[PDB]
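Form deposited in one PDB entry, single chain, as structure tokens, below.
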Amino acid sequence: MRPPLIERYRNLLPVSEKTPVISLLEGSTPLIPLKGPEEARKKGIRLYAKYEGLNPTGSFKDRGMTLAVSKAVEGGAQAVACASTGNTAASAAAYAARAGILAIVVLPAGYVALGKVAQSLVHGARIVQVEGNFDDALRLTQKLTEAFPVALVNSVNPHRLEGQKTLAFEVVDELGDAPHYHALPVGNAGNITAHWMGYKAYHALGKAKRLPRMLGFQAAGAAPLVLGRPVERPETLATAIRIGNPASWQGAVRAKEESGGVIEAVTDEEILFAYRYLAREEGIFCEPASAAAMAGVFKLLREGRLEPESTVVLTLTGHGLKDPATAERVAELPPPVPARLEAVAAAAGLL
């Protein structure tokens, strides 16, 4: 029996008997141990993939949305709103539907994967596509929630992060201690901040004896945290993190500093390589943005900056089905052949 995330960690969340539990049964995702890569195995470095693509709406956002929406409804909210590169919008839409309230999502025109758009569509969210990027959308949405009785459910809402910190809890619960390293993508920066919050809380509770080094990775075309200043024209095929001015900037920096980790850039080429590696070699399909976490691991490995005899946990943020269009970038679909055995056997390379 898979429990609502809010119930699994009720004692560690800002809820009470008065809180309406709006759950689609999120969290408690699998922690898949990885075979390699060989580059890691030879150094006594093993990897685990926290597969967040198996959350109800396909991404880790559900962890924060369940709490955010539940608390909003508790406060009487009739509607919720959020700007998004796709996943937060899909999550807000699904939970709003579950709760029976209105969901308004603002998206950057042309920079949202088809899977995500399809989700906001089908779940019935009121969609607004703006002729601008995510950063513009976020600025606009916050102003919208200041002029109308609509609950803002973007990461700036504390409940989003309190809910997402549970990912750290689950890793420790399963492994018995926090890992030496925890890698994940960084877009608006709420997740890296939530992970660290989770690890610190569990360490204070004594459930984790050690504190992991947080390894955050941004796409080279949208790496404000890496360059040290906002990026006016963020660019990258991993549109989930096509973000130039992260709202949790300070949270990310502190997480990096406090944990002794890093926040670095990986190229779109490196993202595609890791993306293909996970799917073709480990049998795990995550969207490009998520693959950035693995790309980061590959990077530090090749540079000898990951200590031997360590456990590395990767947070694969979203399922690959979120963005099917990118598959054609790492593989080719063979043209159709006649429905005759001969043609099939040849096409299958069995002749």
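Heads up, when I say rigid core I mean the largest set of C-alphas that superpose within 1.5 Å between the two forms. Residue positions are given as counts along the sequence shown, with the first one as 1.
A.B. asks: On average, are the C-alpha B-factors higher in 317-325 or in 302-310?
C.D. replies: Mean CA B-factor is higher for 302-310.
A.B. asks: What stretch has the higher average Cα B-factor here, 136-144 or 159-167?
C.D. replies: Result: 136-144.
A.B. asks: Please work out which residue in 179, 198, 187, 115 has the highest C-alpha B-factor recorded for this crystal structure.
C.D. replies: That would be 115.
A.B. asks: Name the third of the chain's ranked CA B-factors that contains residue 36, choosing lowest, middle or highest.
C.D. replies: It falls in the top third of the chain.
A.B. asks: Which third of the chain does residue 73 land in by C-alpha B-factor: lowest, middle or highest?
C.D. replies: For residue 73, the deposited C-alpha B-factor lands in the highest third.
A.B. asks: Hey, what third does residue 257 fall into on Cα B-factor, ranked over its chain?
C.D. replies: According to the entry, residue 257 has a C-alpha B-factor in the chain's middle third.
A.B. asks: By the record's CA B-factor, is residue 250 among the lowest, middle or highest third of residues in the chain?
C.D. replies: It falls in the top third of the chain.
A.B. asks: Among the chain's modelled residues, which third holds the C-alpha B-factor of residue 131?
C.D. replies: As the PDB entry reports it, the C-alpha B-factor of residue 131 lands in the highest third of its chain.
There is another form of this protein, the form deposited in another entry, and it is not shown here; the text below is about that form.
A.B. asks: Which residue of 112, 178, 278, 103 is the mover here, meaning its C-alpha shifts by 2 Å or more between this form and the one not shown once both are aligned on the rigid core?
C.D. replies: That would be 112.
A.B. asks: Honestly, after the rigid core fit, is residue 207 moving at least 2 Å at Cα between this form and the one not shown?
C.D. replies: The answer is no; the displacement is under 2 Å.
A.B. asks: Comparing between this form and the one not shown on the rigid core, is the C-alpha shift at residue 232 2 Å or larger?
C.D. replies: Stays below the 2 Å threshold, so no.
A.B. asks: Is it true that residue 14 shifts between this form and the one not shown by 2 Å or more at the Cα, once the core is aligned?
C.D. replies: Stays below the 2 Å threshold, so no.
A.B. asks: Can you tell whether residue 272 sits closer to or farther from residue 332 in the other form than it does here, judged by CA atoms, where the change is 3 Å or more?
C.D. replies: They are farther apart; the C-alpha distance rises by 3 Å or more in the other form.
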